[PDB]
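Asks: Attaching a single structure in structure tokens format; questions to follow.
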Amino acid sequence: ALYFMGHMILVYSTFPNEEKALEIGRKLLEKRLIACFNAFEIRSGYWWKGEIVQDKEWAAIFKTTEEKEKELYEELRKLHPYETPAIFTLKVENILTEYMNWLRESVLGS
Amino acid sequence: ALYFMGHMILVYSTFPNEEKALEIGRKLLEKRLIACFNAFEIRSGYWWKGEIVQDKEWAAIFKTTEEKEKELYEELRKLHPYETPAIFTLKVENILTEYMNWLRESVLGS
Amino acid sequence: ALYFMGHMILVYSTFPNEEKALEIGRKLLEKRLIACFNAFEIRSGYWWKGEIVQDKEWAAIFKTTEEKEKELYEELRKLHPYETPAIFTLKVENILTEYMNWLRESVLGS
């Protein structure tokens, strides 16, 4: 069909700056752990040492297959500059079939 | 209740520039295929002809109802500048009831 | 394990400007309703009084636990500048275990 459930996963994480986000995205592509990344600038807020702080970071969504999830989490844990980084996966319900094929081809290998 | 499961879907895709993202978003609204779109600038990375490339694009999330999903995918496939565009749907678990009503009203028609 | 299903929810909403998005994010943190927020600039389009309009807003994703969902929706409904704001939750499938612990600790209290 034009689209189907597929087996894509979307992993999200945030980084201290544009440079680090792009560098890690590139390293993940080199290892065929992701087929593509989309990064964007964000303003964040959270608790830190008893106070609410404002921060500027770069978020990134990583697109890959379910088969690469474990490896992706391990590589992100390896490369992340933060001690306790935000790393979580969102549920993908459907995906354009041709794109799913491209994702699969893009992550074939190591 | 204040919120419930609803029947909203979120479709994500990326475009070569701001102009194209907005133009397509407008065309989707004209056809009542989406109730709203949120677009933002992104930096992307993926494989292309054996090399890892960096790109600048505009991403967009399209908010509509489950009933419009098939039509939305067909219209996006029709208008997309890319040969193999990223088009996938994310799972929505809950939604403010009043907003869900607004979504339904916004996509009533053609 | 390195990651598991967890009990995190992601709530998304849009605001008229950067100032309002950050202010509300801060208020949600003060009440321990969210552990963190990530906000970014967006361009939006929707129907308004029979015409398709273009707008500039700031979107924000709120990260919290399933236990805080009801309270979060109530506080957002309380503080939102829009009469019919977009507020919905996305499904989180997996999450880095250490991060999940941080989320839980971050929302403990009121």
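We label chains A, B, ... in the order they appear in the structure tokens, count residues from 1 in each chain, and number ligands from 1 in the order shown.
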Give the residues of chain B that lie within 10 Å of chain A; count only C-alpha atoms, and format the answer as a PyMOL selection string.
Replies: chain B and resi 9-12+14+40-48+51-59+69-70+73-74+77+83-92
Asks: May I have all residues of chain B that DSSP, computed from the backbone, assigns to helix (DSSP H, G or I), given as JSON, numbers by chain?
Replies: {"B": [18, 19, 20, 21, 22, 23, 24, 25, 26, 27, 28, 29, 30, 66, 67, 68, 69, 70, 71, 72, 73, 74, 75, 76, 77, 78, 79, 97, 98, 99, 100, 101, 102, 103, 104, 105, 106]}
Asks: Would you mind exporting the chosen residues as an mmCIF file, in the first residue's frame, restricted to N, CA and C atoms?
Replies:
```cif
data_model
loop_
_atom_site.group_PDB
_atom_site.id
_atom_site.type_symbol
_atom_site.label_atom_id
_atom_site.label_comp_id
_atom_site.auth_asym_id
_atom_site.auth_seq_id
_atom_site.Cartn_x
_atom_site.Cartn_y
_atom_site.Cartn_z
ATOM 1 N N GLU B 18 11.351 26.914 3.677
ATOM 2 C CA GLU B 18 10.204 27.503 4.359
ATOM 3 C C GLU B 18 9.040 27.722 3.398
ATOM 4 N N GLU B 19 9.349 28.281 2.236
ATOM 5 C CA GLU B 19 8.345 28.566 1.222
ATOM 6 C C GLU B 19 7.508 27.342 0.839
ATOM 7 N N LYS B 20 8.182 26.240 0.527
ATOM 8 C CA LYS B 20 7.501 25.009 0.127
ATOM 9 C C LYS B 20 6.690 24.395 1.266
ATOM 10 N N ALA B 21 7.225 24.458 2.480
ATOM 11 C CA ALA B 21 6.519 23.909 3.629
ATOM 12 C C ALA B 21 5.205 24.656 3.855
ATOM 13 N N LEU B 22 5.262 25.982 3.791
ATOM 14 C CA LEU B 22 4.079 26.810 4.012
ATOM 15 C C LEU B 22 3.065 26.669 2.886
ATOM 16 N N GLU B 23 3.565 26.594 1.656
ATOM 17 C CA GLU B 23 2.703 26.466 0.488
ATOM 18 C C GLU B 23 1.904 25.171 0.556
ATOM 19 N N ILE B 24 2.582 24.075 0.876
ATOM 20 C CA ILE B 24 1.912 22.791 0.975
ATOM 21 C C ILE B 24 0.961 22.780 2.166
ATOM 22 N N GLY B 25 1.373 23.391 3.272
ATOM 23 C CA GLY B 25 0.496 23.450 4.428
ATOM 24 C C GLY B 25 -0.793 24.165 4.058
ATOM 25 N N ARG B 26 -0.670 25.253 3.304
ATOM 26 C CA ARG B 26 -1.833 26.027 2.880
ATOM 27 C C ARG B 26 -2.736 25.212 1.965
ATOM 28 N N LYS B 27 -2.127 24.471 1.045
ATOM 29 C CA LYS B 27 -2.904 23.656 0.125
ATOM 30 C C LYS B 27 -3.656 22.556 0.859
ATOM 31 N N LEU B 28 -3.053 22.020 1.917
ATOM 32 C CA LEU B 28 -3.705 20.968 2.694
ATOM 33 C C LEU B 28 -4.895 21.541 3.460
ATOM 34 N N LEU B 29 -4.768 22.783 3.916
ATOM 35 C CA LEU B 29 -5.853 23.440 4.640
ATOM 36 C C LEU B 29 -6.996 23.745 3.672
ATOM 37 N N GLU B 30 -6.645 24.184 2.467
ATOM 38 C CA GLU B 30 -7.649 24.499 1.452
ATOM 39 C C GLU B 30 -8.533 23.289 1.176
ATOM 40 N N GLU B 66 -8.145 10.866 12.171
ATOM 41 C CA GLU B 66 -7.821 9.552 11.614
ATOM 42 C C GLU B 66 -8.525 9.307 10.282
ATOM 43 N N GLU B 67 -9.703 9.901 10.132
ATOM 44 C CA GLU B 67 -10.498 9.743 8.922
ATOM 45 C C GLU B 67 -9.860 10.378 7.685
ATOM 46 N N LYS B 68 -8.979 11.348 7.908
ATOM 47 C CA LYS B 68 -8.304 12.051 6.819
ATOM 48 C C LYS B 68 -6.904 11.518 6.517
ATOM 49 N N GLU B 69 -6.437 10.531 7.278
ATOM 50 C CA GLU B 69 -5.085 10.012 7.072
ATOM 51 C C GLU B 69 -4.758 9.541 5.655
ATOM 52 N N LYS B 70 -5.605 8.687 5.086
ATOM 53 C CA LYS B 70 -5.370 8.176 3.739
ATOM 54 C C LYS B 70 -5.305 9.311 2.721
ATOM 55 N N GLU B 71 -6.274 10.220 2.782
ATOM 56 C CA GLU B 71 -6.303 11.354 1.865
ATOM 57 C C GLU B 71 -5.088 12.260 2.057
ATOM 58 N N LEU B 72 -4.693 12.468 3.311
ATOM 59 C CA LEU B 72 -3.541 13.314 3.610
ATOM 60 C C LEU B 72 -2.278 12.735 2.988
ATOM 61 N N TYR B 73 -2.062 11.435 3.166
ATOM 62 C CA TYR B 73 -0.886 10.798 2.582
ATOM 63 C C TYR B 73 -0.898 10.924 1.058
ATOM 64 N N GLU B 74 -2.069 10.779 0.449
ATOM 65 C CA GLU B 74 -2.158 10.885 -1.001
ATOM 66 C C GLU B 74 -1.862 12.301 -1.486
ATOM 67 N N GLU B 75 -2.361 13.304 -0.770
ATOM 68 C CA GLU B 75 -2.124 14.686 -1.169
ATOM 69 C C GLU B 75 -0.657 15.066 -0.950
ATOM 70 N N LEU B 76 -0.048 14.551 0.118
ATOM 71 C CA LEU B 76 1.358 14.848 0.386
ATOM 72 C C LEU B 76 2.246 14.189 -0.662
ATOM 73 N N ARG B 77 1.887 12.973 -1.070
ATOM 74 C CA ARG B 77 2.641 12.251 -2.096
ATOM 75 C C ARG B 77 2.536 13.013 -3.417
ATOM 76 N N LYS B 78 1.386 13.640 -3.632
ATOM 77 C CA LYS B 78 1.122 14.419 -4.840
ATOM 78 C C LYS B 78 1.952 15.703 -4.903
ATOM 79 N N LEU B 79 1.986 16.421 -3.787
ATOM 80 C CA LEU B 79 2.678 17.702 -3.708
ATOM 81 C C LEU B 79 4.142 17.708 -3.296
ATOM 82 N N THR B 97 -10.311 17.825 25.044
ATOM 83 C CA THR B 97 -11.596 17.627 24.383
ATOM 84 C C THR B 97 -12.048 18.781 23.494
ATOM 85 N N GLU B 98 -11.965 20.012 23.992
ATOM 86 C CA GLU B 98 -12.376 21.162 23.192
ATOM 87 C C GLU B 98 -11.531 21.293 21.932
ATOM 88 N N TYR B 99 -10.247 20.969 22.038
ATOM 89 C CA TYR B 99 -9.369 21.058 20.881
ATOM 90 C C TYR B 99 -9.758 19.995 19.861
ATOM 91 N N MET B 100 -10.062 18.792 20.345
ATOM 92 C CA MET B 100 -10.469 17.714 19.457
ATOM 93 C C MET B 100 -11.715 18.153 18.687
ATOM 94 N N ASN B 101 -12.622 18.850 19.363
ATOM 95 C CA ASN B 101 -13.827 19.316 18.689
ATOM 96 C C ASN B 101 -13.453 20.310 17.603
ATOM 97 N N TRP B 102 -12.490 21.177 17.902
ATOM 98 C CA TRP B 102 -12.034 22.176 16.943
ATOM 99 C C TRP B 102 -11.380 21.503 15.735
ATOM 100 N N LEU B 103 -10.644 20.425 15.983
ATOM 101 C CA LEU B 103 -9.988 19.697 14.900
ATOM 102 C C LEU B 103 -11.041 19.118 13.968
ATOM 103 N N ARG B 104 -12.058 18.502 14.559
ATOM 104 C CA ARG B 104 -13.132 17.894 13.788
ATOM 105 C C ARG B 104 -13.848 18.939 12.937
ATOM 106 N N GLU B 105 -14.197 20.068 13.546
ATOM 107 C CA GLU B 105 -14.885 21.132 12.821
ATOM 108 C C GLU B 105 -14.001 21.678 11.704
ATOM 109 N N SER B 106 -12.706 21.792 11.985
ATOM 110 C CA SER B 106 -11.756 22.333 11.022
ATOM 111 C C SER B 106 -11.541 21.475 9.786
#
```
Asks: Could you superpose chain C on chain A by least squares over every Cα, matched in sequence order, and send it back as a PDB file with C-alpha atoms, in the first residue's frame?
Replies:
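So the final result, stored in out_20.pdb, reads:
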```
ATOM      1  CA  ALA C   1       0.000   0.000   0.000  1.00  0.00           C
ATOM      2  CA  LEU C   2       0.951   3.691  -0.064  1.00  0.00           C
ATOM      3  CA  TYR C   3       1.759   3.413   3.640  1.00  0.00           C
ATOM      4  CA  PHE C   4       1.728   0.791   6.394  1.00  0.00           C
ATOM      5  CA  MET C   5       2.692   0.234  10.042  1.00  0.00           C
ATOM      6  CA  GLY C   6       6.339  -0.279   9.162  1.00  0.00           C
ATOM      7  CA  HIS C   7       9.064  -0.799  11.742  1.00  0.00           C
ATOM      8  CA  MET C   8      10.496   2.692  12.211  1.00  0.00           C
ATOM      9  CA  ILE C   9      11.293   4.185  15.584  1.00  0.00           C
ATOM     10  CA  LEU C  10      11.937   7.807  16.436  1.00  0.00           C
ATOM     11  CA  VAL C  11      14.464   8.552  19.152  1.00  0.00           C
ATOM     12  CA  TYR C  12      14.692  12.008  20.680  1.00  0.00           C
ATOM     13  CA  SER C  13      17.503  13.621  22.652  1.00  0.00           C
ATOM     14  CA  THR C  14      18.906  17.073  23.390  1.00  0.00           C
ATOM     15  CA  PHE C  15      22.462  18.376  23.140  1.00  0.00           C
ATOM     16  CA  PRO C  16      24.355  21.417  24.480  1.00  0.00           C
ATOM     17  CA  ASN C  17      24.876  22.995  21.061  1.00  0.00           C
ATOM     18  CA  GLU C  18      24.497  22.734  17.292  1.00  0.00           C
ATOM     19  CA  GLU C  19      28.045  21.460  16.835  1.00  0.00           C
ATOM     20  CA  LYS C  20      27.632  18.500  19.209  1.00  0.00           C
ATOM     21  CA  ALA C  21      24.212  17.572  17.839  1.00  0.00           C
ATOM     22  CA  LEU C  22      25.518  17.453  14.261  1.00  0.00           C
ATOM     23  CA  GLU C  23      28.728  15.656  15.211  1.00  0.00           C
ATOM     24  CA  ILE C  24      26.851  12.896  17.005  1.00  0.00           C
ATOM     25  CA  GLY C  25      24.300  12.677  14.211  1.00  0.00           C
ATOM     26  CA  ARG C  26      27.164  12.172  11.761  1.00  0.00           C
ATOM     27  CA  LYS C  27      28.771   9.508  13.925  1.00  0.00           C
ATOM     28  CA  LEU C  28      25.470   7.633  14.139  1.00  0.00           C
ATOM     29  CA  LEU C  29      25.154   7.711  10.344  1.00  0.00           C
ATOM     30  CA  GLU C  30      28.736   6.476   9.950  1.00  0.00           C
ATOM     31  CA  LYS C  31      27.810   3.416  11.989  1.00  0.00           C
ATOM     32  CA  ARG C  32      24.546   2.908  10.099  1.00  0.00           C
ATOM     33  CA  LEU C  33      22.613   3.217  13.368  1.00  0.00           C
ATOM     34  CA  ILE C  34      20.241   5.845  11.998  1.00  0.00           C
ATOM     35  CA  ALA C  35      19.058   6.610   8.492  1.00  0.00           C
ATOM     36  CA  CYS C  36      18.617  10.309   9.168  1.00  0.00           C
ATOM     37  CA  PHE C  37      18.524  12.963  11.876  1.00  0.00           C
ATOM     38  CA  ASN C  38      16.594  16.233  12.098  1.00  0.00           C
ATOM     39  CA  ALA C  39      17.971  18.734  14.574  1.00  0.00           C
ATOM     40  CA  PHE C  40      16.555  22.053  15.721  1.00  0.00           C
ATOM     41  CA  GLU C  41      17.300  24.776  18.245  1.00  0.00           C
ATOM     42  CA  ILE C  42      15.341  24.710  21.496  1.00  0.00           C
ATOM     43  CA  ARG C  43      15.012  26.659  24.726  1.00  0.00           C
ATOM     44  CA  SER C  44      14.773  24.417  27.769  1.00  0.00           C
ATOM     45  CA  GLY C  45      13.862  24.658  31.420  1.00  0.00           C
ATOM     46  CA  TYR C  46      14.383  22.209  34.277  1.00  0.00           C
ATOM     47  CA  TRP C  47      15.488  21.962  37.899  1.00  0.00           C
ATOM     48  CA  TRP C  48      19.179  22.152  38.708  1.00  0.00           C
ATOM     49  CA  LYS C  49      20.584  22.362  42.229  1.00  0.00           C
ATOM     50  CA  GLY C  50      17.281  23.500  43.703  1.00  0.00           C
ATOM     51  CA  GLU C  51      16.575  26.206  41.151  1.00  0.00           C
ATOM     52  CA  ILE C  52      14.643  26.473  37.902  1.00  0.00           C
ATOM     53  CA  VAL C  53      17.044  27.291  35.104  1.00  0.00           C
ATOM     54  CA  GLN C  54      16.670  28.330  31.483  1.00  0.00           C
ATOM     55  CA  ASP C  55      18.959  26.838  28.880  1.00  0.00           C
ATOM     56  CA  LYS C  56      19.579  26.889  25.134  1.00  0.00           C
ATOM     57  CA  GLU C  57      20.186  23.563  23.429  1.00  0.00           C
ATOM     58  CA  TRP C  58      19.732  21.673  20.202  1.00  0.00           C
ATOM     59  CA  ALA C  59      17.260  18.818  20.002  1.00  0.00           C
ATOM     60  CA  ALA C  60      17.433  16.024  17.478  1.00  0.00           C
ATOM     61  CA  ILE C  61      15.112  13.299  16.323  1.00  0.00           C
ATOM     62  CA  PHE C  62      16.788  10.163  15.049  1.00  0.00           C
ATOM     63  CA  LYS C  63      14.993   7.987  12.520  1.00  0.00           C
ATOM     64  CA  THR C  64      15.939   4.318  12.349  1.00  0.00           C
ATOM     65  CA  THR C  65      14.504   0.792  12.455  1.00  0.00           C
ATOM     66  CA  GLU C  66      13.331  -1.180  15.496  1.00  0.00           C
ATOM     67  CA  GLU C  67      16.246  -3.557  14.947  1.00  0.00           C
ATOM     68  CA  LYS C  68      18.741  -0.748  15.614  1.00  0.00           C
ATOM     69  CA  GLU C  69      17.112   0.593  18.797  1.00  0.00           C
ATOM     70  CA  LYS C  70      19.332  -1.215  21.319  1.00  0.00           C
ATOM     71  CA  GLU C  71      22.513  -0.309  19.437  1.00  0.00           C
ATOM     72  CA  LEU C  72      21.348   3.292  18.999  1.00  0.00           C
ATOM     73  CA  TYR C  73      20.744   3.719  22.727  1.00  0.00           C
ATOM     74  CA  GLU C  74      24.174   2.255  23.472  1.00  0.00           C
ATOM     75  CA  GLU C  75      25.946   4.542  21.003  1.00  0.00           C
ATOM     76  CA  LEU C  76      24.060   7.601  22.289  1.00  0.00           C
ATOM     77  CA  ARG C  77      24.940   6.690  25.888  1.00  0.00           C
ATOM     78  CA  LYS C  78      28.557   6.405  24.718  1.00  0.00           C
ATOM     79  CA  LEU C  79      28.703   9.764  22.936  1.00  0.00           C
ATOM     80  CA  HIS C  80      26.434  11.941  25.047  1.00  0.00           C
ATOM     81  CA  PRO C  81      28.057  14.925  26.776  1.00  0.00           C
ATOM     82  CA  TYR C  82      25.408  14.883  29.534  1.00  0.00           C
ATOM     83  CA  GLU C  83      25.611  12.617  32.567  1.00  0.00           C
ATOM     84  CA  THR C  84      21.841  12.004  32.546  1.00  0.00           C
ATOM     85  CA  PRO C  85      20.702  12.826  28.991  1.00  0.00           C
ATOM     86  CA  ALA C  86      17.138  12.774  27.750  1.00  0.00           C
ATOM     87  CA  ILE C  87      16.796   9.793  25.416  1.00  0.00           C
ATOM     88  CA  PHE C  88      13.418   8.288  24.639  1.00  0.00           C
ATOM     89  CA  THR C  89      11.525   6.714  21.754  1.00  0.00           C
ATOM     90  CA  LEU C  90       8.206   7.836  20.278  1.00  0.00           C
ATOM     91  CA  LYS C  91       5.679   5.494  18.702  1.00  0.00           C
ATOM     92  CA  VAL C  92       5.351   5.545  14.901  1.00  0.00           C
ATOM     93  CA  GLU C  93       1.926   4.294  13.734  1.00  0.00           C
ATOM     94  CA  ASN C  94       2.255   4.453   9.934  1.00  0.00           C
ATOM     95  CA  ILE C  95       4.908   5.336   7.393  1.00  0.00           C
ATOM     96  CA  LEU C  96       5.072   5.943   3.653  1.00  0.00           C
ATOM     97  CA  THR C  97       6.074   2.547   2.232  1.00  0.00           C
ATOM     98  CA  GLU C  98       8.776   3.887  -0.097  1.00  0.00           C
ATOM     99  CA  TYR C  99      10.288   5.855   2.772  1.00  0.00           C
ATOM    100  CA  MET C 100      10.301   2.775   4.993  1.00  0.00           C
ATOM    101  CA  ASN C 101      12.224   0.987   2.248  1.00  0.00           C
ATOM    102  CA  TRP C 102      14.705   3.866   2.148  1.00  0.00           C
ATOM    103  CA  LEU C 103      15.119   3.689   5.929  1.00  0.00           C
ATOM    104  CA  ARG C 104      15.853  -0.027   5.758  1.00  0.00           C
ATOM    105  CA  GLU C 105      18.389   0.402   2.951  1.00  0.00           C
ATOM    106  CA  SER C 106      19.985   3.325   4.791  1.00  0.00           C
ATOM    107  CA  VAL C 107      20.695   1.310   7.928  1.00  0.00           C
ATOM    108  CA  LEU C 108      21.839  -1.887   6.235  1.00  0.00           C
ATOM    109  CA  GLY C 109      25.401  -2.530   7.355  1.00  0.00           C
ATOM    110  CA  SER C 110      27.584  -1.115  10.126  1.00  0.00           C
TER     111      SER C 110
END
```
Asks: Can you pull out every residue from region 4-110 of chain B that DSSP, working from the backbone, puts in strand (DSSP E or B), and format the result as a VMD selection string?
Replies: chain B and resid 4 8 to 15 36 to 48 51 to 65 87 to 90 92 to 96
Asks: Would you mind exporting C-alpha atoms of the selected residues as a PDB file, in the first residue's frame?
Replies:
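Writing the result to out07.pdb gives the following:
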```pdb
ATOM      1  CA  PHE B   4      -9.780  11.902  26.175  1.00  0.00           C
ATOM      2  CA  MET B   8      -6.267  12.880  16.123  1.00  0.00           C
ATOM      3  CA  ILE B   9      -3.214  11.844  14.160  1.00  0.00           C
ATOM      4  CA  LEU B  10       0.034  13.723  13.737  1.00  0.00           C
ATOM      5  CA  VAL B  11       1.820  13.422  10.416  1.00  0.00           C
ATOM      6  CA  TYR B  12       5.409  14.567  10.044  1.00  0.00           C
ATOM      7  CA  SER B  13       7.388  15.411   6.920  1.00  0.00           C
ATOM      8  CA  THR B  14      10.310  17.591   5.849  1.00  0.00           C
ATOM      9  CA  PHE B  15      10.598  20.066   2.987  1.00  0.00           C
ATOM     10  CA  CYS B  36      -3.432  22.992  11.334  1.00  0.00           C
ATOM     11  CA  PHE B  37       0.282  22.721  10.619  1.00  0.00           C
ATOM     12  CA  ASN B  38       3.303  23.710  12.707  1.00  0.00           C
ATOM     13  CA  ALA B  39       6.517  24.134  10.764  1.00  0.00           C
ATOM     14  CA  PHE B  40      10.044  24.749  12.000  1.00  0.00           C
ATOM     15  CA  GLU B  41      13.565  25.002  10.629  1.00  0.00           C
ATOM     16  CA  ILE B  42      15.773  21.930  10.942  1.00  0.00           C
ATOM     17  CA  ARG B  43      19.284  20.782  10.107  1.00  0.00           C
ATOM     18  CA  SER B  44      19.373  17.280   8.669  1.00  0.00           C
ATOM     19  CA  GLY B  45      21.888  14.572   7.920  1.00  0.00           C
ATOM     20  CA  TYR B  46      21.579  11.396   5.859  1.00  0.00           C
ATOM     21  CA  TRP B  47      23.361   9.278   3.262  1.00  0.00           C
ATOM     22  CA  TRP B  48      23.383  10.429  -0.342  1.00  0.00           C
ATOM     23  CA  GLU B  51      28.454  10.102   1.489  1.00  0.00           C
ATOM     24  CA  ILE B  52      27.048  11.626   4.661  1.00  0.00           C
ATOM     25  CA  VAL B  53      25.628  15.034   3.866  1.00  0.00           C
ATOM     26  CA  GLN B  54      24.349  17.941   5.928  1.00  0.00           C
ATOM     27  CA  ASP B  55      21.247  19.780   4.815  1.00  0.00           C
ATOM     28  CA  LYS B  56      18.954  22.603   5.905  1.00  0.00           C
ATOM     29  CA  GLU B  57      15.223  22.014   5.631  1.00  0.00           C
ATOM     30  CA  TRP B  58      11.890  22.860   7.169  1.00  0.00           C
ATOM     31  CA  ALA B  59       9.935  20.219   9.041  1.00  0.00           C
ATOM     32  CA  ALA B  60       6.206  20.315   9.585  1.00  0.00           C
ATOM     33  CA  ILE B  61       3.759  18.461  11.758  1.00  0.00           C
ATOM     34  CA  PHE B  62       0.259  18.154  10.373  1.00  0.00           C
ATOM     35  CA  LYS B  63      -2.663  17.782  12.757  1.00  0.00           C
ATOM     36  CA  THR B  64      -5.804  16.097  11.462  1.00  0.00           C
ATOM     37  CA  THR B  65      -8.276  13.291  12.183  1.00  0.00           C
ATOM     38  CA  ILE B  87       6.143  10.943   5.791  1.00  0.00           C
ATOM     39  CA  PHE B  88       5.054   9.114   8.914  1.00  0.00           C
ATOM     40  CA  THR B  89       2.411   9.303  11.626  1.00  0.00           C
ATOM     41  CA  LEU B  90       2.961   9.549  15.380  1.00  0.00           C
ATOM     42  CA  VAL B  92      -1.572  10.575  19.932  1.00  0.00           C
ATOM     43  CA  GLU B  93      -2.686   9.141  23.303  1.00  0.00           C
ATOM     44  CA  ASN B  94      -4.879  11.941  24.691  1.00  0.00           C
ATOM     45  CA  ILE B  95      -6.136  15.323  23.570  1.00  0.00           C
ATOM     46  CA  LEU B  96      -7.915  18.281  25.143  1.00  0.00           C
TER      47      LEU B  96
END
```
